[PDB]
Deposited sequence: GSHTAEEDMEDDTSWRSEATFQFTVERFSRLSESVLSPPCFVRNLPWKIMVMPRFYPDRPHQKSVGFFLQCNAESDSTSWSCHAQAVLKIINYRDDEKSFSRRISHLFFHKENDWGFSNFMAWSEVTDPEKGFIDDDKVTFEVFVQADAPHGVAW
């Protein structure tokens, strides 16, 4: 259910080589809160990859600590998939966390590397969140 303490979800970004604006995935519910993958180009140059939590809510009382593994899937060999982990206390003033320089843009878009196919790149997040505070009183 949506109350699950952890989950793994993916978001495939299309026309990747042409990415210009920040893109946001649909929400995945963990601890009954909406978690999303955020991707953006940073300086073409590098891949910005972040995990967002409960950003739409106008509440300023909530907080949720979580650990997560942010991964860019290598479709040719999952052992070649690239991942980094984070630990962050999410709340209204700091609702996302990740890496602005997660991977070199030239590497992810290199057709010989196995991360891109038909100009599509798949992002994955495995999030393990603690019980939230200031939400479900």
* **Gaps in the model (deposited sequence, numbered from 1)** => 1-12, 56-61
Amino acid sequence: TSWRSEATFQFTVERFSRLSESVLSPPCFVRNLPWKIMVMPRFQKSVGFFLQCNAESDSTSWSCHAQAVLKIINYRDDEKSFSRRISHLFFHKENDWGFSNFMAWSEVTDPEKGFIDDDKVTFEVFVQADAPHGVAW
From here on, numbers count along this sequence of modelled residues.
* Stretch with the greater mean C-alpha B-factor as recorded in the entry, comparing 111-119 against 5-13 -> 111-119
* Greater mean Cα temperature factor according to the PDB record, 17-25 or 121-129 -> 17-25
* Structure fact -> From 88, 36, 31, 85, the top C-alpha temperature factor is at 85
* What third of its chain, lowest, middle or highest, does the C-alpha temperature factor of residue 95 fall into? -> lowest
* Asked: For residue 106, does the deposited CA B-factor place it in the lowest, middle or highest third of the chain?
  -> highest
* How does residue 52 rank on Cα B-factor within its chain, lowest, middle or highest third? -> lowest
* Asked: By its CA B factor, does residue 74 count among the lowest, middle or highest third of the modelled residues in the chain?
  -> middle
* Structure fact -> By the entry's values, the third containing the CA B factor of residue 81 is the highest
